[PDB]
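The chain below stands alone and is given in structure tokens; this is the form deposited in one PDB entry.
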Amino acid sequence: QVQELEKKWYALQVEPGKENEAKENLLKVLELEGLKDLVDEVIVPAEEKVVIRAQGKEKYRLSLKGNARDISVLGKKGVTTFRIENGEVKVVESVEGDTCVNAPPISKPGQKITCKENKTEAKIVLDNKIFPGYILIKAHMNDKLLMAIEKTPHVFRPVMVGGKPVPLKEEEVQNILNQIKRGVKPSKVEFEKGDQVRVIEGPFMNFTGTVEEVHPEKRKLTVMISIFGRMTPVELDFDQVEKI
């Protein structure tokens, strides 16, 4: 009667910008230290994107998930049109001679289709813009693994509380990963500079104003509100206003 010990999720702080290398380096460490059995997953909490290039020059960096889209780029001899639909990328048309049109659809970080004749390519990659500086692991944490982790190049340490790795909750991990990789990314920003709005929350409730600056990044808006006849810049949250 085999009962397996449950592995838990941990978050590892790593050098920002080096999340991919941190993960590859950790897998090598697990391999050399003979600890693979203690780890079920090493995940980078990043969005998957398709980078489209024409003659070694990036022309597009788009989200892999989303509505079906065709993208045409000029290369060395003509046009290569790529299609991104249902989480995969493939070549729908290229110049005469380009067998890349026969390449199977890709959908995993690291894969890519190269069109030799036109000198164009599409490669799936990880962005690392949501939770930069982190990789997630599902493991059986013990002193040996914690030390191997800390001595892995580009990895600092698991997030810790009271000197112990803090385990995360499987539900939140799954949801956050689901949202990042499967979640819908709105077709456009809710507010554009120039939009007239009304405050519906806070000390400025009922005041109307005009959107000065839009900050999708943080879903914050800078709205000009007349106060005693003075156009006053007020920082509000997307959910603190409504269009009128």
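When you see a residue number, it is the position in the sequence shown, counting from 1.
- Query: What stretch has the higher average Cα B-factor here, 143-151 or 125-133?
  - Reply: The stretch with the larger mean CA B-factor is 125-133.
- Query: Would 134-142 or 114-122 have the larger average of its C-alpha temperature factors, as given in the entry?
  - Reply: Stretch with the higher mean C-alpha B-factor: 114-122.
- Item | Residue, from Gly34, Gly202, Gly209, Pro45, that the PDB entry assigns the highest Cα B-factor | Answer, based on the entry's C-alpha B-factors: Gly202.
- If you compare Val214, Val197, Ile52, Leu27, which has the highest Cα B-factor in the entry? When the deposited C-alpha B-factors of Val214, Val197, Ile52, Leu27 are compared, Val214 is largest.
- Message: Which third, lowest, middle or highest, does the C-alpha temperature factor of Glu171 belong to within its own chain?
- Response: Answer is highest: the recorded C-alpha B-factor places it there.
- Message: By the recorded C-alpha temperature factor, relative to the other modelled residues in its chain, which third is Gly163 in?
- Response: For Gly163, the deposited C-alpha B-factor lands in the highest third.
- Query: By the record's CA B-factor, is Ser107 among the lowest, middle or highest third of residues in the chain?
  - Reply: CA B-factor rank for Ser107: highest third.
- Among all modelled residues of this chain, ranked by Cα B factor, put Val14 in the bottom, middle or top third, i.e. lowest, middle or highest. Ranked within chain, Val14 CA B lands in the lowest tercile.
- Item | Record-listed C-alpha B factor of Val234: chain third | As the PDB entry reports it, the C-alpha B-factor of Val234 lands in the highest third of its chain.
Another form, the form deposited in another entry, is not on view; read the next lines as being about it.
- Which entry in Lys23, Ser94, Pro158, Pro45 lies on the hinge of the chain, given the rigid parts move between this form and the one not shown? The listed residue located at a hinge is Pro45.
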